[PDB]
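Understanding the architecture of this molecule
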Amino acid sequence: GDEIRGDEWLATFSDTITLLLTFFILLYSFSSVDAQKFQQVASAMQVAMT
Amino acid sequence: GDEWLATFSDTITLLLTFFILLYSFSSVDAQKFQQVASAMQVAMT
Amino acid sequence: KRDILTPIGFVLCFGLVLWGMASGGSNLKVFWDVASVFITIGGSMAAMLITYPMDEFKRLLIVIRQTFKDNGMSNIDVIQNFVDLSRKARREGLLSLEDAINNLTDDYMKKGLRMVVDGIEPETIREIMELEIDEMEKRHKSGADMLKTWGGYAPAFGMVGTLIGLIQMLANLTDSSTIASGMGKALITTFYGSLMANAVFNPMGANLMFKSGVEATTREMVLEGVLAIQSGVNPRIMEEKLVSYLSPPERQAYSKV
Amino acid sequence: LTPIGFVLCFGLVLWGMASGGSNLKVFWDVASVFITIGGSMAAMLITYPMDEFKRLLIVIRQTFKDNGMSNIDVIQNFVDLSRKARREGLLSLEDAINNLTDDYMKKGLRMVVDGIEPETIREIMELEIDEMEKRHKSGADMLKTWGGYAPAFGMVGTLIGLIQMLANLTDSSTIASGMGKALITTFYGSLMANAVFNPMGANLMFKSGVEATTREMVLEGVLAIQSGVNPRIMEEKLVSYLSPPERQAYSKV
Amino acid sequence: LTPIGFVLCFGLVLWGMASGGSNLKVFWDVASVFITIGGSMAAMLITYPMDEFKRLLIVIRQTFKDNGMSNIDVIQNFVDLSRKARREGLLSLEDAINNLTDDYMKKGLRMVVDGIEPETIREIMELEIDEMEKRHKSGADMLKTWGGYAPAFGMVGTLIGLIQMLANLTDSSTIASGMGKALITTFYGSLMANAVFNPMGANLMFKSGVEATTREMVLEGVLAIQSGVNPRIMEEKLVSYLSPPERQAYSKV
Amino acid sequence: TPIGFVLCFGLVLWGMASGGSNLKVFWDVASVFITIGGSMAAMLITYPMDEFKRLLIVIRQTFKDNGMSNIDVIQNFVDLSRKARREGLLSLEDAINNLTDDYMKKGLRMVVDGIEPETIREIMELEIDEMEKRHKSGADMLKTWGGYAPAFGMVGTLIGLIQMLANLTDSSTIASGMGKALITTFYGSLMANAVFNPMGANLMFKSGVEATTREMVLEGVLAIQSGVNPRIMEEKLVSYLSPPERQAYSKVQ
Amino acid sequence: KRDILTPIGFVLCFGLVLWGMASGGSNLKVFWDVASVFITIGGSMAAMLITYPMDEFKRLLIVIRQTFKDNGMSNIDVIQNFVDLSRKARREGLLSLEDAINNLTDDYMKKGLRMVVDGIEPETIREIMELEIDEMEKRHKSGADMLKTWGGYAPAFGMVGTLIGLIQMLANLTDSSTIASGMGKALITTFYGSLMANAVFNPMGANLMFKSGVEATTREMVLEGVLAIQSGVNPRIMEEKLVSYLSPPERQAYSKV
Amino acid sequence: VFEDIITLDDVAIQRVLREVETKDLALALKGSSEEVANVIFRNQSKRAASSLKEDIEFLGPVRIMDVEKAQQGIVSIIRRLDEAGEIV
Amino acid sequence: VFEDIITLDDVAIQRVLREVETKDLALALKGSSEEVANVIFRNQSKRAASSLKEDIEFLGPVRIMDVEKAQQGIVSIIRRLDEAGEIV
Amino acid sequence: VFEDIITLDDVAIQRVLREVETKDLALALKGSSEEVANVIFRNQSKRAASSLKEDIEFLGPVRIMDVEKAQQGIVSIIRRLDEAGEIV
């Protein structure tokens, strides 16, 4: 009953993305976001979602 | 009961979506980095 | 059999999800995204049409819908019906039962009893009626397998919408509207895919399998009641073997009549 | 329907891709296509030599266009043949057998017309069902294997993209757009798996079960012709294969 | 099974959470518990009928007492019963049967002293074993299903939190706190799956095998008493059911 | 044929070279030891030396042992059934020895030597089972290595990340160390998806193809002993052929 | 003869991981933190105590330890011991082996031989000896399944540690000490969990089943050797039947004598 | 033979019919009268009678001697259970 | 005798033809004239007749007695089938 | 003829004390003298002798003339091995 499941890639993808997220959170910890650039994105998502 | 790990990698990718976007609008403070780098050594070493 | 866990489970499941969505002051429109509907709901449904032809897709949907109906009468009534049939069949013969076996709504008791009245040998009746049970279980398994197939397709297409959204977001970092549209696509495609899989498709297909097994047991004891009518026995050995098929929490219920 | 499901699947996904006004060229990358499609294709050549791959491709293509007779029409032909066999014997069915369009009903009934005992007729016909199921399973297994390879080589290409961009970076903005190009190959592998390979593999599995039910139905009824059962008894046993929607459709015909 | 693994599991994980001078209130959210536990419980109600839950409660209640009969005790009394069945006949095995508390030894032993065929006894006792394994397997499957639902509905709550926060960002400094708050439901789902549901489901599966071995041991001893084997024969036949730690403990007593 | 391997690594190598970055960013001698050596060392713990020797034998069989065409199997058996009908059963010795296919001379030799047909099936079904067991064991070893290689690549990636955090000095080299640590994961996924997993699936598919041919040969051998008509022998053995193969066989026979 | 693959594998596996850990001239202390030990190693071990009671968990630990402490005589030495015993059996009688049997080290061999000396029926000895093999195989499978259960628990609790680290980092992303503590928790919990699963637990469980199958084959050959003493055969028919169980590398290994 | 069935009561004629199979009943009914078939096809099921309607036609040519033995066999079974609860 | 198979009806011959083994039928057809085989060829399917064509031709010169014993098997099958429904 | 066990060699007694039941042998030894018991105990395994001792201290009071049935059966065991590898 050797079922063929195409999820062997999933373990590598999940761990690779997980440490990529953990590594990008580190960069954001000691970074300063541009307030004007963020304000454009924040206001645009209110329009898009609502 | 492990079909949800597909959704976990989906959600972690979703979590990474915001931070890659935030990182594009960001620059290194060069002083908060020293605080994080110094405390990095203290926590592990 | 007046099952209440499934209606209650659905109300609490979506009621808790809806309560979570309407938590704080969030307006419910933020959880609606047409692009997301096309990607995960539309994409997984279209993948379902690749797996299942539309003619067979309609058939399995009908099979799923019929299994969740109230059906006919309970395991208590069929034993009462068979015992009443045994009294009438043991006095007026196997015939004169045509009126009694024609107003029934089982369509499986009717099939077996009509063969009994016609005078078909028990071996032929048993093999025909056991073939009905085997093929009905195959139909129910096919419907439940179809729900489980959709339960895997929807989260798979929810992840596709995540990649679509992130690729869109990262390729248009100078346009805030495209950033907002891409990120809304990625977040809501996963939300739709996880809701369909975990709140509907996966639980419901497993629910179909439990209902199929209960229905198979009901048909297994209807066959015994049919075969015992043909091999005429008094309505005390009939009620002796029919209650043996009852569930442990059901046998004592019949004892109180 | 599978041919329209393919059109619907890519059409609905593409509409969602273009819904937010973004240009669709951001999803197009020739290098990503060759890494994901070519890499998974090359891996399939490792699993299957390019002689069994062709045969399995033909096996998949054969099931896509075959249009057999309906199960309801199987009842009618068997009921008609059983009624005719009870009037003029089995040899009168020879002209009717050659008018069939199954090659499985024909094979079983031709053994019935000749003197072939029911024991060997059954095991020959069940052998055809078992080998038909095995052939469909092998074709479905080939499609499911490709449904795993394509995201696997999409992940390999994503690592290639991530490593390449993280080595040569100029600013935080060019890094963010680097992840987008790196994830295109993963998007290709996920799309190919979920829209083509996996649904086609499950389609073959579903078709195998449907044809197996029809063939068990045909076998149980080929043996009834030569056993001389009553046409009503044959119909009663035969109709215990159809869905209740099919049972009423056969009643009115 | 004592509930010390649950205290250790949550206690040791809680110590790690609070280790690096981290405040634990960032991990507490009352609404997150309802989304994760309540959402997965409502899915379990859809998945399983009422009788399955009642059967699950029975086996789970049993596994927390386990005040049964030791395997060394089973052979010790079976060997003693062999001597009396040899010294004083089989009919004398009536008071010793009713003075034990096993509820499975007695049923098999009473069959032996009532003149029932060895094949008949094996049929009844082995069917009872299969019933016990089926009850445990279905109970373990229910807990494993809940172990898949809890992380699934924890991620649904995380997605809801991410969607809600993104609709009202407005700060650029509350994003990380909002993402951390939304992640709590997923953490609850993983914690409940890995510390409660999955280990309890594996506990039921392991307990089923232990009881199956004990019942197979009793069936062998019951059949040995019926055939009047030598007390030495049944001893070495039943010793081949004990671990080497148990064999040295049994010989020293 | 290593055509799949050349295409697999050629397309992957082309993908790395497709980007403007030099191929040296993908090369890391230390990463090879962590991924290849780490997963190989776990395989040494997992498998004894006997399994490795059996795996090497079954790998060499794949590239060398071709097999026999199913069209030739039916063509030979039909003629052998025909010849054994005109002449006696003890007249195929010339044809038996001239068969260029193992397991078929051996199967036919115990037919002319008068051993019971049921024992012939058991002897030659066990030969099928050991062939299947040998291939499954080798396939499981390759699939286990296909799981070990990305797991140890992830371990090497984690080691690189942990080392980078400890020695955090320059913020402009954080992403460079990010991509350098990812080389181990790239090696693990590349070795799993281009070597181990496709080769393990290759053994599983080759086992099924062989098992079908052996069962077809066993079916023909048993039909020769219990003398059946050549029409029945052909009809029984045609079931093993695909619909495309039946047309090819029909022209010759 | 001697199993040297798994000690080589352990030295190579943990030597290479240690070599990578110290590759950059960094302190090995950076890979140690108690929080990750408490979450992954402590959490998965405590989850193992939920699955396995301490009495049974310790019992399976001894079974695992005893399986890898094989110091018994090799398969060739057992065969050479049986032909030596068979020579004395047909020269001085079966009762003369009482002194030789009590000096044996294999408890399985003595158990079968003592029954033969006492005159237990041949089909009773085979039934008992087969039950010895079957129950020993079941015990080994329980020990290997215990290791595989731990091989899934440890990575699962390493992902819980990742969730703990991420939430801790996200809640206090302006502390720079919570960031470092959360950063280490997320990465090192995964590091511990993957090492336990892929370097220790999963390879050990599979290794255990291979040793169980080899030991079962040795017992099956000891049973035939024991049963041939009872029947009575010169050390020429005994030698040919015993070596059929020998592995192909072992078949001609003893061919010199 | 096969004449005193009309006098036989309606309850008991159903009882004997459950013993004699379709093949025996149809063989004896070829050499009978029209009103006997009406008697037979009124204590049988509505669709069971239709089964015997076509069976008798399907036989076609047949030796006459088979009719009496089937009729006698149907007569014989009635006598051998004539002492049961059914009226003589 | 085996020479009486010609006078039988096509329906009766067809039933016994698929019952008699092809080897038995071939063994009993050497002692009969060509006209006998015509009533056998027509009352069989094309595949069954084709198998009979090669079986009679590739059997070899057989003893006269062996033909005699084969005809008894065929001629006795119709003997019990005389009252089973076959009309002679 | 009983009491010939003490006259045969140890190997012959060892073989015949390998298939007799431990109950009837105990039944055939309760009335025998110590010299007959001595030749039985030392030509048997330690476990077998302990089993015999347990079977002679818990036999209970039994009547005469049934021991001779065990004794004749024990002697008959020697008779059936007289035509085998065993010698007298």
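Residues numbered from 1 in each chain as written, not as in the entry; some residues may be left out. Chains lettered and ligands numbered in written order. Heavy atoms only, no water.

Structure determination for this entry, per the PDB record, employed cryo-EM and reached 2.4 Å resolution.

1. Focus: the overall build of chain D
Going by this rule: Only runs of H or I of at least four residues qualify as helices and only runs of E of at least two qualify as strands under DSSP, and these elements are numbered from the N terminus. The atom set for the radius of gyration is the C-alpha atoms, and the globule formula is 2.2 Å times the number of residues raised to the power 0.38. Each residue's exposure class comes from its accessible area (1.4 Å probe, protein chains only) as a fraction of the maximum for that residue type: buried when under 20%, exposed when over 50%, partly exposed otherwise. Residue contacts are counted whenever heavy atoms from the two residues lie within 4.5 Å of one another. Residue-level accessible areas treat just the shown protein chains as cover; the underlying method is Shrake-Rupley with a 1.4 Å probe.
From N to C terminus, chain D includes 11 helices and 0 strands. Reading the helices (α) and strands (β) of chain D from amino to carboxyl end gives α-α-α-α-α-α-α-α-α-α-α. Over its C-alpha trace chain D gives a radius of gyration of 26 Å, far above what one expects of a compact globule, namely 18 Å for 253 residues. Oriented by its inertia axes, the alpha-carbon framework of chain D measures out at about 90 × 40 × 25 Å. Taken across its 253 residues, chain D has 60% of its residues classed as buried. Residue pairs in contact within chain D that sit at least 24 positions apart in sequence constitute 77% of those at least 6 positions apart. By element, 56% of the accessible surface of chain D is carried by carbon and sulfur atoms, the whole surface being about 9,300 Å².

2. Here we look at the UniProt feature "domain: MotA/TolQ/ExbB proton channel" (unreviewed entry) in chain D
Spelled out, the test is: UniProt positions are given in the numbering used here, feature names are shortened, and annotations may be inferred rather than shown by experiment.
This chain's UniProt record puts "domain: MotA/TolQ/ExbB proton channel" (unreviewed entry) on residues 98-216 of chain D. The distance separating the terminal C-alpha atoms of residues 98-216 of chain D is 21 Å; by composition the span is 87% helix and 0% strand.

3. So, the interface of chain C and chain A
What counts here: A quick way to say it: buried area is the sum, across both parts, of accessible area lost when two parts are put together, with a 1.4 Å probe. Take a side-chain nitrogen of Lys or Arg and a carboxyl oxygen of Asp or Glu: if they are within 4 Å of each other, that pair is a salt bridge. Distance and chemistry together define a polar contact, namely a pair of N or O atoms within 3.5 Å, with one atom able to donate a hydrogen and the other to accept it when in protein, and with adjacent residues in sequence counting only for side-chain atoms on both sides. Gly is placed with the polar residues, together with every amino acid not listed as nonpolar (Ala, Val, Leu, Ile, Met, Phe, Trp, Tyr, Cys and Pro) or charged (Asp, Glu, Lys and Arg).
Facing the 12 residues of chain C at the interface are 9 residues of chain A. Around 830 Å² of area is buried between chain C and chain A when both sides are counted, 79% of it from carbon and sulfur atoms. Three residues stand out in chain C for area buried against chain A, namely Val-30, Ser-176 and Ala-180 of chain C, and they jointly supply 45% of the buried area on that side. Scanning the region where chain C abuts chain A turns up 0 salt bridges. On the surface where chain C and chain A come into contact, there are 1 residue pair in polar contact. Considering each element in turn, the side of chain C that touches chain A owes the most residues, 7 residues, to helix α7 (residues 176-230) of chain C. In terms of residue class, the side of chain C that touches chain A is made up of 7 nonpolar, 4 polar and 1 charged.

4. Considerations on the arrangement of the chains
For the 23 pairs of chains in contact, the largest share of contacts goes to chains C and D. Nowhere do chain G and chain I come into contact; their C-alpha atoms are at least 47 Å apart. One finds no contact linking chain F with chain J; the least C-alpha distance across the pair is 34 Å.

5. A look at the interface of chain D and chain C
In this assembly, 52 residues from chain D lie in contact with 50 residues from chain C. For the chain D and chain C pair, buried surface summed over both sides reaches about 4,100 Å², with 70% attributable to carbon and sulfur atoms. Summed over the three residues of chain D that lose the most area to chain C, namely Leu-1, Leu-12 and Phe-206 of chain D, the buried surface amounts to 14% of that side. On the surface where chain D and chain C come into contact, there are 4 salt bridges.

6. Digging into the packing of helix α4 (residues 71-87) of chain E against helix α10 (residues 231-239) of chain E
Residue and element names in this part refer to chain E. The test is simple: Whenever a helix is involved, its axis is fitted only over the stretch in contact; in every case the axis is a line through C-alpha atoms, and angles between N-to-C directions fall within 0 to 180 degrees. Small angles under 35 degrees read as roughly parallel and large ones over 145 as roughly antiparallel, with 65 to 115 read as roughly perpendicular and the rest as oblique. Definitions for this section: a left-handed crossing has its near helix turned counterclockwise from the far helix by less than a right angle. A right-handed crossing has that turn clockwise.
Interaxial distance between α4 and α10 falls to 9 Å at its minimum, and their mutual angle equals 165 degrees. With respect to α10, the element α4 is oriented roughly antiparallel. By crossing handedness, the relation of α4 to α10 is classed as right-handed. Contact residues: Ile-75, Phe-78, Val-79, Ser-82, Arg-83 and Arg-86 in α4; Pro-231, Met-234, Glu-235, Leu-238 and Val-239 in α10. Split into classes, the residues belonging to the contact of α4 with α10 amount to 7 nonpolar, 1 polar and 3 charged.

7. Let's talk about the environment of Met-115 of chain C
For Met-115 of chain C, the location among the structural elements is in helix α5 (residues 109-118). Contact partners of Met-115 of chain C, with chain neighbours within four places excluded, come to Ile-120, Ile-125, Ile-128 and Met-129 of chain C together with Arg-232 and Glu-236 of chain D.

8. Observations regarding the side chain of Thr-47 of chain E
With respect to the helices and strands, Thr-47 of chain E occurs in helix α2 (residues 30-47). Only 2.6 Å separates the side chain of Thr-47 of chain E from the side chain of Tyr-149 of chain E, close enough to count as a polar contact. Here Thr-47 of chain E is in contact with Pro-203, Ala-206, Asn-207 and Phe-210 of chain C together with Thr-145 and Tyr-149 of chain E, once residues within four sequence places are set aside.

9. Focus: the UniProt feature "transmembrane region" (unreviewed entry) in chain C
Residues and elements named next belong to chain C. Under the UniProt annotation, the feature "transmembrane region" (unreviewed entry) is placed at residues 34-52, 150-171 and 183-201. Here residues 34-52 runs as 95% helix and 0% strand, with 25 Å between its end C-alpha atoms. Measuring from the first to the last C-alpha atom of residues 183-201 gives 26 Å, for a span that is 100% helix and 0% strand.

10. Regarding the pattern of salt bridges
What the rule picks out here adds up to 84 salt bridges over all chains. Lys-237 of chain D is the salt-bridge partner of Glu-220 of chain D, the closest N and O atoms lying 3.4 Å from each other. On the criterion of sequence distance, the pair formed by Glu-220 of chain D in helix α9 (residues 184-227) and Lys-237 of chain D in helix α10 (residues 231-238) is long-range, its members being 17 residues apart. Here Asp-66 of chain I ties to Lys-69 of chain I by a salt bridge, and the two come within 3.3 Å at their closest N and O atoms.

11. Digging into the nonpolar core
Spelled out, the test is: Definition used in this section: a nonpolar core is a set of buried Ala, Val, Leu, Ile, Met, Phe, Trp, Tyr and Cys residues joined via side-chain atoms within 4.5 Å. A domain assignment, automatic or from a database, supplies the domain bounds used here.
Among the nonpolar cores identified, the biggest contains 276 residues, and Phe-24 of chain A, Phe-191 of chain C, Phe-187 of chain D, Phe-187 of chain E, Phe-186 of chain F together with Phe-191 of chain G are the most heavily contacted of them. Considering each element in turn, this core owes the most residues, 17 residues, to helix α7 (residues 118-167) of chain E. Formed jointly, this core draws a minimum of three residues from each of two domains, domain 1 (1-31) and domain 2 (34-251) of chain G. Other than its neighbours up to four places away in sequence, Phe-191 of chain C contacts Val-17, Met-21 and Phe-31 of chain C together with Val-156, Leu-159, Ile-160 and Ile-163 of chain E. Formed by 73 residues, the second largest nonpolar core is a distinct cluster that contains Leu-81 and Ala-212 of chain E together with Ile-128 and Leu-242 of chain G.

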